[PDB]
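Trainee: Attaching a single structure in structure tokens format; questions to follow.
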Amino acid sequence: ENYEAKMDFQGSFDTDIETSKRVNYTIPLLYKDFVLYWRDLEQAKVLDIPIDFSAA
Amino acid sequence: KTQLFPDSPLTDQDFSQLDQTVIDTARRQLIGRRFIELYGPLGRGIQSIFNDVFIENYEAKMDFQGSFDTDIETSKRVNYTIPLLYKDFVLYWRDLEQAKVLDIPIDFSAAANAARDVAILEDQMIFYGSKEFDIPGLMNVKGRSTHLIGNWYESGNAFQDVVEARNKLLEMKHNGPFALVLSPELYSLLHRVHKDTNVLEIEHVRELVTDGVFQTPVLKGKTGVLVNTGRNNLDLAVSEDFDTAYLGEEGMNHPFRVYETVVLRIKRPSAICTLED
Amino acid sequence: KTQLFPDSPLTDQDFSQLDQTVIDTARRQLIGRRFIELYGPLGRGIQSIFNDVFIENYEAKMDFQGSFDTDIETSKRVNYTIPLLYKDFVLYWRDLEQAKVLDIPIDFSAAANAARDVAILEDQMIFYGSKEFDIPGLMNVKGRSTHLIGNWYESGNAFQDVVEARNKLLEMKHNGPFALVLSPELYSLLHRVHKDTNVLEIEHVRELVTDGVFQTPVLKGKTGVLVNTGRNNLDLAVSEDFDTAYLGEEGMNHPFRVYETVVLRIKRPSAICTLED
Amino acid sequence: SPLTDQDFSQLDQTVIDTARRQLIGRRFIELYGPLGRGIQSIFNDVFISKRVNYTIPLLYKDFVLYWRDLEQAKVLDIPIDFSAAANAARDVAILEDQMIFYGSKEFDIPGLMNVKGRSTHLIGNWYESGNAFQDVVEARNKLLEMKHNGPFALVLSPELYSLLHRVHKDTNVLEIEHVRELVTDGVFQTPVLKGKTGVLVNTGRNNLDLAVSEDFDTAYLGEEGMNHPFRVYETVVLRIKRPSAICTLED
Amino acid sequence: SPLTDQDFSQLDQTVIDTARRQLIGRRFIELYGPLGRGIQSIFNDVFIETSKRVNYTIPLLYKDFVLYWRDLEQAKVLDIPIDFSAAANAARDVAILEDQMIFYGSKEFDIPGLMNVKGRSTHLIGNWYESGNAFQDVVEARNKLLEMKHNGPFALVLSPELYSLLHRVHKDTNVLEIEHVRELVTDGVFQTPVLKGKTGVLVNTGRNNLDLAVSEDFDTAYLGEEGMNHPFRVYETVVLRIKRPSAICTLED
């Protein structure tokens with residue numbers, strides 16, 4: 001439920017706050033693996049060219 | 001802030017973030033501020049305002065050299081009291097302490113709800129006025145044009161009604177750009193997909209209403225308002241804009257209040273037409 | 001200002017704000033300045049202007065080397081007197097003193113009304129001229145094309161009429177971009193939602209009129225004007241643009257006047273077509 | 001500014017003295033300071049709390065001085081006539097007293113004789129001896145029963161004030177001297193009240209007061225046809241905080 | 001507290017003046033000093049014609065008022081004096097309550113009052129409309145008080161109706177009944193709205209007969225901000241000690 005605002009020349013004295021139910025949640029983990037081969041990486045290193053990222 | 005709130009748990013950065021959140025939340029929901037100008041922030045020294053009502057206007061003159069007598073129209077003076085609109089929310093101490101120790105941003109979510117509620121209340125006050133303070137609204141002002149709508153389920157009736165309302169407004173020597181505000185039912189009926197034809201009446205209607213067509217949930221049933229905009233016809237006086245105050249710690253928690261003080265001044269009621277059933 | 005107004009209650013900042021308000025209010029309502037160029041601000045030393053009217057034009061030549069004789073067309077010279085258009089408003093002393101003591105912005109709302117009235121009068125003068133000063137207008141100039149419109153309640157008649165008017169204009173060796181100005185009734189009829197088809201004639205019409213289609217409340221009934229734009233066909237001479245003057249304190253109040261001095265020069269009347277009923 | 005500073009000083013003194021000699025309400029009602037020009041409306045809390053807003057009105061009257069007479073005055077070195085200024089100042093004071101004692105129906109401001117929540121006392125035949133004393137005693141008793149025990153002020157119409165000038169029977173004293181100790185703040189008369197009416201008011205700044213923005217003042221309207229017009233103006237209003245502290249002797 | 005020192009001083013002055021001009025019992029009753037807050041109960045020894053000791057508990061009287069932040073903000077901006085008006089109402093209510101407690105006592109704390117104490121004299125009044133009856137009644141009441149070895153300065157307190165009825169001319173005499181009555185009662189004649197109907201009290205004043213024990217006089221306290229407003233409370237702690245009940249004569253219908 002929700003409470004509306006009020007219109008007055010001066011503020012009142014009592015405050016109305018809605019109630020709620022508290023629940024606890026556990027943060028999951030989502031992951032996936034890929035692989036880079038050493039021959040291609042070494043060739044790129046020696047040739048000074050950008051590495052190919054396609055499995056990522 | 002924090003200059004006048006020495007005991008506030010938050011620091012200046014959290015207050016700035018809270019103000020930003022409140023302002024951003026209020027900006028989206030304020031339908032009435034998209035076509036009505038603001039008369040600046042006045043201040044705390046004003047508790048009442050004056051409004052002048054006109055009935056007639058005088059045209060200009062063409063001469064080689066200026067005349068000697070000046071003609072100034074008369075007006076009726078009324079006094080208005082600036083109301084206050086507010087809503088309260090609460091921050092719990094455990095979550096705040098955890099955020100402080102973990103050095104993570106504080107979660108402001110009740111403030112958004114309070115700002116949304118205050119904006120809705122302000123729009124309601126603008127469109128209907130305050131009965132206890134005796135302030136008129138757009139839909140109940142005295143000295144305004146009224147029109148009766150037909151069956152909008154058919155095609156072309158809405159265009160005819162809008163044209164007739166614009167003609168009624170033009171008869172009173174009002175030529176400025178016009179703005180249309182509609183209830184959700186009429187707004188949905190405007191976009192309805194017809195069976196006999198393939199027309200979209202919104203495209204035809206927007207040709208004439210050059211200041212935009214808006215919809216608001218405040219209006220009930222099938223009602224609408226056409227207004228000739230311009231700061232010389234109506235405006236808003238804002239004593240203090242959206243702001244937050246610390247009520248004071250209780251129950252180890254921390255309550256806050258969001259409040260504002262605005263009023264609507266209508267100077268030329270003849271520039272308003274209301275479409276009713 | 002305030003250099004020539006030592007006794008003015010306002011200071012330079014208030015005068016700047018007033019000028020900004022007047023200019024902004026006048027900009028929206030000036031329909032005639034959207035397709036007509038300005039011949040600069042001339043000054044106080046000019047009280048009359050000269051206009052040249054042409055009937056014929058000479059084409060260019062193609063040669064390997066230039067010829068020896070030059071052909072220059074003839075014209076008729078007329079003298080015009082620059083009129084003055086003005087409107088007065090008033091600021092009350094109690095409100096001004098309260099704003100001064102409270103250090104809040106002054107409310108300028110009568111100035112907007114005066115500027116709107118002056119702009120409406122200027123548009124009326126542009127579209128109809130001054131009878132007493134004997135200055136012709138667009139709808140009553142001598143040596144212009146006229147066309148008779150059909151029934152615009154049907155579909156396609158407006159397109160045919162516009163095409164015929166453009167053909168009439170093209171017959172006089174006028175190829176420049178064209179602008180169309182219409183009365184509110186015809187403008188509404190253009191956007192009308194038809195029952196037999198699902199056409200929007202405005203989209204078809206805007207294909208040919210590449211300088212925009214405007215509507216103005218100055219025109220009465222079902223009338224319109226098609227004009228071949230370009231500064232070599234018609235323009236506006238402005239001796240002094242929108243400005244405000246302090247009339248002088250009376251009754252402890254403060255009256256002000258908004259005034260301007262402009263005139264319209266038409267040089268090639270053959271580039272104008274008028275659609276009439 | 002046709003006049004120098006001396007002439008302006010004498011003009012201000014003339015207006016102030018003419019106004020002060022005629023005002024009645026200012027003799028027993030406190031002033032809520034010269035607030036200034038930064039305020040245009042005031043708030044009143046009727047403690048019975050209900051808050052209302054009153055718009056401060058403006059009272060003014062204009063006169064004119066001619067240039068031939070002024071020039072002759074400096075030529076002959078004689079005092080400058082200021083009769084018109086006094087004539088204007090009298091009317092402003094009269095209007096202020098009328099507003100205080102009856103209020104403005106257009107500004108919707110109540111007066112001392114028509115405010116709601118007051119006490120009403122019906123007087124008897126005052127042509128006899130002792131009836132006035134009995135009526136005053138009964139009115140003071142009505143005021144006392146409402147927890148009001150303070151200095152009292154009595155304001156009467158001239159006819160009733162004259163009728164009070166008689167001999168109190170069986171004691172051979174004037175009744176006015178028998179009333180002046182019950183009404184310890186004085187007894188006043190004013191031509192504003194007509195007929196057989198009167199008011200008894202428990203004084204005190206917590207019961208009622210007068211809020212002023214600008215006092216009596218003079219302004220130059222600017223030259224017109226070589227003459228010199230002037231305006232006399234002031235801005236005042238009356239706040240009644242305890243309507244129960246007023247008893248009206250009606251008929 | 002929003003107020004600075006000057007506003008607090010003005011508030012205290014207003015409360016003090018309002019209380020002083022409204023209190024009736026303090027005019028003819030002595031004060032047993034400002035005792036302080038280290039005492040919460042007092043002992044009274046009643047002499048009946050011996051001494052009976054009774055323990056009285058000091059009550060607390062209070063009333064609350066509120067200041068609205070909009071008004072102080074406007075006053076600060078416009079530089080105009082603040083309006084302390086609710087404080088006057090609170091002080092008046094507190095004074096009225098104190099006078100009622102003095103003249104009738106508290107049933108919760110079973111403290112006797114002037115008009116209901118045990119061991120007093122009672123006199124039945126007649127018709128005071130006729131001239132001279134009130135003088136006879138006062139004379140008879142003083143005579144009743146006289147045959148008790150009581151001859152000190154007497155004080156008379158009456159209801160407003162009886163007080164007004166006394167302002168006529170004495171029959172077969174030039175002067176009014178006020179002067180003749182004040183001749184006998186040398187400590188003044190007072191009236192209060194607390195008494196209702198035709199009732200009155202005649203008291204032989206003196207410190208040895210009755211007095212007032214005050215632990216804390218009129219004072220103001222700040223209750224802390226609430227809703228951006230500012231509440232205050234006016235309070236005091238007093239009690240009435242009657243030592244010689246035989247020195248009181250109550251005039252009743």
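Starting from 1 in every chain, residues are counted up; chains themselves are A, B, ... following the order of the structure tokens, and ligands are numbered from 1 as listed.
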Distance limit 12 Å, atoms considered: only C-alpha atoms. Which chain B residues sit that close to chain D? Return them as a VMD selection string.
Mentor: chain B and resid 45 to 50 77 to 82 133
Trainee: With C-alpha atoms retained, export the selected residues as a compact mmCIF listing (two decimals), in the first residue's frame.
Mentor:
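File produced: again_26.txt:
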# COMPACT_ATOMS: atom_id res chain seq x y z
CA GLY B 45 9.62 36.50 3.13
CA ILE B 46 6.40 36.05 1.12
CA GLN B 47 3.37 34.22 2.50
CA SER B 48 0.70 35.61 0.15
CA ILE B 49 0.50 36.77 -3.46
CA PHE B 50 -1.67 39.11 -5.51
CA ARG B 77 -7.23 42.34 -7.44
CA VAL B 78 -7.42 39.14 -5.37
CA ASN B 79 -5.21 37.79 -2.59
CA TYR B 80 -3.98 34.18 -2.52
CA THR B 81 -2.28 32.18 0.23
CA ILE B 82 0.59 29.89 -0.77
CA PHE B 133 -7.83 28.07 0.46
Trainee: All Cα atoms, paired in order, least squares: that's the fit I need for chain C onto chain B, output as a compact mmCIF listing (two decimals) with C-alpha atoms, in the first residue's frame.
Mentor:
# COMPACT_ATOMS: atom_id res chain seq x y z
CA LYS C 1 23.37 21.30 3.28
CA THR C 2 24.47 20.06 6.75
CA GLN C 3 25.01 23.67 7.87
CA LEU C 4 21.55 23.78 9.47
CA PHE C 5 21.54 20.01 10.17
CA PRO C 6 24.54 19.39 12.46
CA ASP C 7 23.02 16.14 13.78
CA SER C 8 22.12 14.78 10.33
CA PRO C 9 23.73 11.35 9.79
CA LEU C 10 24.45 12.20 6.15
CA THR C 11 27.19 14.52 4.92
CA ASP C 12 27.07 17.10 2.13
CA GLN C 13 27.63 14.54 -0.63
CA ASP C 14 24.67 12.40 0.45
CA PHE C 15 22.47 15.49 0.68
CA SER C 16 23.48 16.50 -2.85
CA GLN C 17 22.71 13.01 -4.14
CA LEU C 18 19.34 13.04 -2.37
CA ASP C 19 18.47 16.42 -3.89
CA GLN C 20 19.49 15.17 -7.34
CA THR C 21 17.34 12.06 -6.94
CA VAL C 22 14.32 14.08 -5.81
CA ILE C 23 14.68 16.61 -8.63
CA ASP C 24 15.12 13.94 -11.31
CA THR C 25 12.13 11.95 -10.05
CA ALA C 26 9.95 15.07 -9.93
CA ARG C 27 10.96 16.23 -13.42
CA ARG C 28 9.45 13.24 -15.23
CA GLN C 29 6.06 13.33 -13.48
CA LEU C 30 5.41 17.10 -13.70
CA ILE C 31 3.01 17.32 -16.64
CA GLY C 32 1.86 20.85 -15.75
CA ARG C 33 5.30 22.46 -16.02
CA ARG C 34 5.72 21.56 -19.71
CA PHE C 35 3.57 24.49 -20.89
CA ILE C 36 3.36 26.89 -17.90
CA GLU C 37 6.09 29.36 -17.02
CA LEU C 38 7.57 29.90 -13.55
CA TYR C 39 7.70 33.20 -11.66
CA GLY C 40 11.11 32.46 -10.17
CA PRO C 41 11.97 31.45 -6.62
CA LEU C 42 10.55 34.18 -4.39
CA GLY C 43 11.75 33.26 -0.90
CA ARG C 44 10.67 32.86 2.72
CA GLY C 45 9.62 36.50 3.13
CA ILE C 46 6.40 36.05 1.12
CA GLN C 47 3.37 34.22 2.50
CA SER C 48 0.70 35.61 0.15
CA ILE C 49 0.50 36.77 -3.46
CA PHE C 50 -1.67 39.11 -5.51
CA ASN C 51 -3.52 38.22 -8.71
CA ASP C 52 -5.03 40.59 -11.27
CA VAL C 53 -7.97 39.60 -13.48
CA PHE C 54 -8.73 41.33 -16.79
CA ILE C 55 -11.83 41.17 -18.98
CA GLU C 56 -10.95 43.38 -21.95
CA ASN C 57 -7.94 44.37 -24.05
CA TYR C 58 -6.92 47.41 -26.10
CA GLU C 59 -5.28 47.26 -29.52
CA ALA C 60 -2.25 49.25 -30.65
CA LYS C 61 -2.27 52.41 -32.76
CA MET C 62 -0.63 53.54 -36.00
CA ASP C 63 0.55 57.14 -36.24
CA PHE C 64 3.45 59.16 -37.58
CA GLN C 65 4.05 60.61 -34.10
CA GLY C 66 2.84 59.46 -30.71
CA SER C 67 -0.37 60.71 -29.13
CA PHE C 68 -0.67 62.35 -25.71
CA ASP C 69 -3.25 60.24 -23.84
CA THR C 70 -2.55 56.71 -22.60
CA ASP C 71 -5.23 54.02 -22.25
CA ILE C 72 -4.66 51.36 -19.57
CA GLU C 73 -7.11 48.54 -18.92
CA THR C 74 -8.58 47.91 -15.48
CA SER C 75 -8.33 44.75 -13.40
CA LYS C 76 -9.67 43.09 -10.26
CA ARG C 77 -7.23 42.34 -7.44
CA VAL C 78 -7.42 39.14 -5.37
CA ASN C 79 -5.21 37.79 -2.59
CA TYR C 80 -3.98 34.18 -2.52
CA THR C 81 -2.28 32.18 0.23
CA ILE C 82 0.59 29.89 -0.77
CA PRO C 83 -0.15 26.30 0.35
CA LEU C 84 2.38 23.68 1.44
CA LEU C 85 2.60 20.17 -0.02
CA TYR C 86 4.68 17.53 1.73
CA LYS C 87 5.32 13.81 2.19
CA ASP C 88 7.53 11.91 4.64
CA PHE C 89 9.87 8.94 4.28
CA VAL C 90 12.29 7.08 6.55
CA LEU C 91 15.86 5.74 6.42
CA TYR C 92 16.80 2.85 8.71
CA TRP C 93 19.95 3.02 10.79
CA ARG C 94 21.27 -0.51 10.18
CA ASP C 95 21.40 -0.10 6.40
CA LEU C 96 22.92 3.37 6.69
CA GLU C 97 25.63 2.13 9.07
CA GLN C 98 26.40 -0.83 6.81
CA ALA C 99 26.73 1.50 3.82
CA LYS C 100 28.96 3.84 5.83
CA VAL C 101 31.31 1.07 6.96
CA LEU C 102 31.40 -0.62 3.54
CA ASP C 103 31.89 2.71 1.70
CA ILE C 104 29.09 2.14 -0.82
CA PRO C 105 26.44 4.56 -2.10
CA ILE C 106 23.33 4.88 0.04
CA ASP C 107 20.07 3.54 -1.39
CA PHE C 108 17.48 6.28 -1.94
CA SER C 109 14.24 4.61 -3.00
CA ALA C 110 11.61 5.95 -0.60
CA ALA C 111 12.59 9.48 -1.63
CA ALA C 112 11.60 8.71 -5.22
CA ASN C 113 8.18 7.49 -4.07
CA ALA C 114 7.68 10.61 -1.95
CA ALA C 115 8.69 12.88 -4.83
CA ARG C 116 6.30 11.08 -7.19
CA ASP C 117 3.43 11.45 -4.71
CA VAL C 118 4.17 15.15 -4.18
CA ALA C 119 4.29 15.75 -7.94
CA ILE C 120 0.95 13.98 -8.40
CA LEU C 121 -0.58 16.11 -5.64
CA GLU C 122 0.81 19.30 -7.21
CA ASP C 123 -0.65 18.39 -10.60
CA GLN C 124 -4.01 17.69 -8.95
CA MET C 125 -3.90 21.07 -7.20
CA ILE C 126 -3.02 22.83 -10.46
CA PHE C 127 -5.86 21.18 -12.37
CA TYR C 128 -8.52 21.50 -9.63
CA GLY C 129 -7.40 24.13 -7.11
CA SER C 130 -7.72 24.16 -3.33
CA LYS C 131 -11.21 24.33 -1.86
CA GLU C 132 -10.18 25.31 1.67
CA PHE C 133 -7.83 28.07 0.46
CA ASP C 134 -10.41 29.11 -2.18
CA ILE C 135 -8.12 29.01 -5.21
CA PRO C 136 -9.69 28.21 -8.61
CA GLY C 137 -8.37 25.67 -11.07
CA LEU C 138 -8.32 25.27 -14.83
CA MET C 139 -11.45 23.10 -14.91
CA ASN C 140 -13.51 25.24 -12.51
CA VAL C 141 -12.43 28.86 -13.10
CA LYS C 142 -15.08 31.53 -13.62
CA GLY C 143 -15.33 33.21 -17.01
CA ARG C 144 -14.20 30.41 -19.32
CA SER C 145 -15.51 28.81 -22.49
CA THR C 146 -17.19 25.40 -22.44
CA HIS C 147 -17.80 22.88 -25.21
CA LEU C 148 -19.72 19.61 -25.37
CA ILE C 149 -18.02 16.70 -27.11
CA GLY C 150 -19.76 14.17 -29.34
CA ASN C 151 -19.20 10.46 -29.85
CA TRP C 152 -15.45 9.99 -30.33
CA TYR C 153 -15.77 6.32 -31.31
CA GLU C 154 -16.42 7.45 -34.89
CA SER C 155 -13.84 9.07 -37.17
CA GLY C 156 -13.53 12.84 -37.50
CA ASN C 157 -15.66 13.85 -34.51
CA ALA C 158 -12.59 14.65 -32.39
CA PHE C 159 -11.16 16.86 -35.14
CA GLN C 160 -14.47 18.72 -35.44
CA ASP C 161 -14.66 19.24 -31.67
CA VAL C 162 -11.09 20.55 -31.51
CA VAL C 163 -11.75 22.88 -34.45
CA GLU C 164 -14.90 24.23 -32.80
CA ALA C 165 -13.06 24.81 -29.52
CA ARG C 166 -10.26 26.63 -31.33
CA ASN C 167 -12.83 28.79 -33.14
CA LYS C 168 -14.46 29.65 -29.82
CA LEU C 169 -11.05 30.64 -28.46
CA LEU C 170 -10.31 32.71 -31.58
CA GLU C 171 -13.58 34.64 -31.24
CA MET C 172 -12.14 36.24 -28.08
CA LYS C 173 -9.16 37.74 -29.97
CA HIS C 174 -6.77 35.00 -28.82
CA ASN C 175 -4.34 33.92 -31.54
CA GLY C 176 -1.37 32.46 -29.63
CA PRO C 177 -0.26 28.84 -29.74
CA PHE C 178 -2.65 26.40 -28.10
CA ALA C 179 -2.06 23.39 -25.85
CA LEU C 180 -4.42 20.45 -25.31
CA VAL C 181 -4.59 18.28 -22.18
CA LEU C 182 -6.73 15.13 -22.08
CA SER C 183 -7.78 12.37 -19.73
CA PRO C 184 -6.37 8.89 -20.43
CA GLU C 185 -9.66 7.63 -21.89
CA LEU C 186 -9.90 10.38 -24.51
CA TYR C 187 -6.18 10.10 -25.26
CA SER C 188 -6.58 6.37 -25.90
CA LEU C 189 -9.65 7.03 -28.05
CA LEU C 190 -7.60 9.44 -30.16
CA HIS C 191 -5.07 6.72 -31.03
CA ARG C 192 -7.74 4.06 -31.61
CA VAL C 193 -7.35 1.87 -34.69
CA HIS C 194 -10.50 2.26 -36.77
CA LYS C 195 -12.13 -0.48 -38.84
CA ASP C 196 -13.74 1.44 -41.72
CA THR C 197 -10.68 3.60 -42.52
CA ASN C 198 -6.94 3.72 -41.82
CA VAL C 199 -6.71 7.15 -40.20
CA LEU C 200 -4.73 8.31 -37.17
CA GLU C 201 -6.58 11.32 -35.77
CA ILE C 202 -3.59 12.35 -33.64
CA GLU C 203 -1.64 13.38 -36.74
CA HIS C 204 -4.50 15.56 -37.98
CA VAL C 205 -5.10 17.06 -34.53
CA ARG C 206 -1.45 17.96 -33.93
CA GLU C 207 -1.55 20.20 -37.02
CA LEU C 208 -3.49 22.87 -35.11
CA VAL C 209 -2.35 22.33 -31.51
CA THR C 210 1.24 23.48 -31.98
CA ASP C 211 2.23 23.35 -28.29
CA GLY C 212 1.73 19.60 -27.92
CA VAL C 213 -1.03 17.25 -26.79
CA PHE C 214 -0.62 15.85 -23.28
CA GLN C 215 -2.47 13.28 -21.21
CA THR C 216 -2.86 13.21 -17.45
CA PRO C 217 -4.35 10.66 -15.03
CA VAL C 218 -5.60 13.47 -12.77
CA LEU C 219 -8.59 14.14 -15.02
CA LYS C 220 -11.45 11.66 -14.64
CA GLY C 221 -13.83 10.37 -17.28
CA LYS C 222 -13.97 12.05 -20.69
CA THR C 223 -12.80 15.63 -20.10
CA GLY C 224 -10.21 17.89 -21.67
CA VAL C 225 -8.86 21.41 -21.60
CA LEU C 226 -7.57 23.68 -24.39
CA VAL C 227 -5.40 26.58 -23.21
CA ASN C 228 -3.88 29.53 -25.06
CA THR C 229 -0.41 29.54 -23.54
CA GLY C 230 1.80 32.55 -22.81
CA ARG C 231 3.09 34.03 -19.57
CA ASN C 232 0.64 36.94 -19.94
CA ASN C 233 -2.36 34.60 -19.50
CA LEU C 234 -1.37 32.29 -16.63
CA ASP C 235 1.70 31.30 -14.64
CA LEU C 236 3.01 29.66 -11.47
CA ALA C 237 4.42 31.42 -8.41
CA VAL C 238 6.92 29.24 -6.54
CA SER C 239 7.96 30.40 -3.07
CA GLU C 240 10.27 27.41 -2.60
CA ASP C 241 10.93 24.56 -5.02
CA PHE C 242 11.36 20.87 -4.20
CA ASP C 243 13.47 20.39 -1.07
CA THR C 244 14.10 17.95 1.76
CA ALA C 245 14.26 18.47 5.52
CA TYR C 246 15.46 16.32 8.42
CA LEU C 247 12.57 15.78 10.83
CA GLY C 248 14.80 14.50 13.63
CA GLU C 249 16.01 11.12 14.87
CA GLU C 250 13.38 8.89 16.47
CA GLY C 251 13.47 5.19 17.28
CA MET C 252 17.16 5.28 16.21
CA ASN C 253 15.88 5.74 12.62
CA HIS C 254 15.91 8.91 10.51
CA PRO C 255 12.77 10.48 9.01
CA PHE C 256 12.84 13.08 6.25
CA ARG C 257 10.21 15.27 4.62
CA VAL C 258 9.88 16.50 1.03
CA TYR C 259 7.94 19.74 0.70
CA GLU C 260 7.16 22.56 -1.72
CA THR C 261 5.16 25.80 -1.88
CA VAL C 262 3.57 26.77 -5.22
CA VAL C 263 0.42 28.52 -6.42
CA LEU C 264 -1.21 29.00 -9.82
CA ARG C 265 -2.23 32.45 -11.08
CA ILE C 266 -4.76 32.84 -13.90
CA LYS C 267 -5.02 36.37 -15.26
CA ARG C 268 -7.22 36.04 -18.38
CA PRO C 269 -9.86 33.34 -17.84
CA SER C 270 -11.31 33.94 -21.31
CA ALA C 271 -8.34 32.10 -22.85
CA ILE C 272 -9.47 28.68 -21.54
CA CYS C 273 -11.90 26.23 -23.14
CA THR C 274 -13.08 23.05 -21.42
CA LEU C 275 -14.39 20.05 -23.34
CA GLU C 276 -16.91 18.15 -21.22
CA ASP C 277 -19.45 15.38 -21.69
Trainee: Using only C-alpha atoms, find which residues of chain D lie within 7 Å of chain E and jot them down as a list in words.
Mentor: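 The contacting residues on chain D are residues 35, 137, 141, 145, 147, 170, 171 and 206 of chain D.
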Trainee: Using only C-alpha atoms, find the residues of chain A whose closest atom to chain B is at most 9 Å away, then write them as a list in words.
Mentor: residues 2, 3, 4, 5, 6, 7, 8, 9, 10, 11, 15, 16, 17 and 18 of chain A
Trainee: Please provide the set of residues having any atom within 10 Å of segment 201-205 of chain D, restricted to only C-alpha atoms, with same-chain residues fewer than 6 positions apart removed, written as a PyMOL selection string.
Mentor: (chain D and resi 28-32+112+140+143-144+148-155+183+185+240-248) or (chain E and resi 85)
Trainee: Enumerate as a ChimeraX atom specification the residues belonging to chain E that approach chain A to within 12 Å, with only C-alpha atoms taken into account.
Mentor: /E:66-71,225-231
Trainee: Using the chain letters and numbers from this document, which residues of segment 20-56 of chain A does DSSP assign to helix (DSSP H, G or I), as a list in words?
Mentor: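 DSSP-assigned helix (DSSP H, G or I) residues in segment 20-56 of chain A: residues 38, 39, 40, 41, 42, 43, 44, 45, 46 and 47 of chain A.
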Trainee: Which residues in segment 22-252 of chain E does DSSP call strand (DSSP E)? List them as a ChimeraX atom specification.
Mentor: /E:31-34,41-47,51-57,61-67,121-124,154-158,189-191,200-204,210-222,230-242,248-252
Trainee: Can you pull out the residues contacting residue 219 of chain E? Cut-off 12 Å, using only C-alpha atoms, and skip same-chain residues under 4 positions away; I want them as a PyMOL selection string.
Mentor: chain E and resi 8-9+11-16+19+60-64+87+90-91+94+215+232-237
Trainee: Would you mind listing what lies within 10 Å of residue 101 of chain E as a PyMOL selection string, with only C-alpha atoms counted and same-chain residues fewer than 5 positions away left out?
Mentor: chain E and resi 95-96+106-107+111-114+194+238-240
Trainee: Leaving out residue 121 of chain E and any residue of its chain fewer than 6 positions from it, which residues lie within 10 Å of it when counting only C-alpha atoms, given as a short mmCIF file (atom, residue, chain, number, x, y, z; two decimals) with N, CA and C atoms, in the first residue's frame?
Mentor:
data_model
loop_
_atom_site.label_atom_id
_atom_site.label_comp_id
_atom_site.auth_asym_id
_atom_site.auth_seq_id
_atom_site.Cartn_x
_atom_site.Cartn_y
_atom_site.Cartn_z
N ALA E 141 -20.46 38.24 59.39
CA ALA E 141 -19.36 37.31 59.15
C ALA E 141 -18.11 37.72 59.92
N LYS E 144 -18.59 36.81 63.51
CA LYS E 144 -18.35 35.38 63.71
C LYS E 144 -16.86 35.09 63.77
N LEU E 145 -16.08 35.71 62.88
CA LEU E 145 -14.64 35.53 62.91
C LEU E 145 -14.00 36.19 64.13
N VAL E 201 -15.67 34.46 50.25
CA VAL E 201 -14.79 34.01 51.32
C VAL E 201 -14.17 35.22 52.01
N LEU E 202 -14.16 35.19 53.34
CA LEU E 202 -13.51 36.19 54.18
C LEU E 202 -12.40 35.50 54.96
N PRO E 245 -7.52 26.56 60.24
CA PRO E 245 -8.80 26.55 59.52
C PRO E 245 -9.86 27.44 60.13
N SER E 246 -9.73 27.81 61.41
CA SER E 246 -10.75 28.63 62.06
C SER E 246 -10.75 30.07 61.58
N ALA E 247 -9.75 30.48 60.80
CA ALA E 247 -9.63 31.86 60.33
C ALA E 247 -10.25 32.06 58.95
N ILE E 248 -11.27 31.29 58.60
CA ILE E 248 -11.91 31.37 57.29
C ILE E 248 -13.42 31.34 57.50
N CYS E 249 -14.13 32.28 56.87
CA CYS E 249 -15.58 32.29 56.90
C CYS E 249 -16.10 32.35 55.47
N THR E 250 -16.87 31.35 55.08
CA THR E 250 -17.38 31.23 53.72
C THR E 250 -18.84 31.65 53.67
N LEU E 251 -19.14 32.59 52.79
CA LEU E 251 -20.50 33.07 52.56
C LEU E 251 -21.12 32.23 51.45
#
Trainee: So, counting only C-alpha atoms, which residue among D:63, D:165, D:233, D:51 is closest to chain A?
Mentor: D:51
Trainee: Calculate how many Å separate atom CA of residue 70 of chain D from atom CA of residue 216 of chain D, rounding to one decimal.
Mentor: 24.2 Å
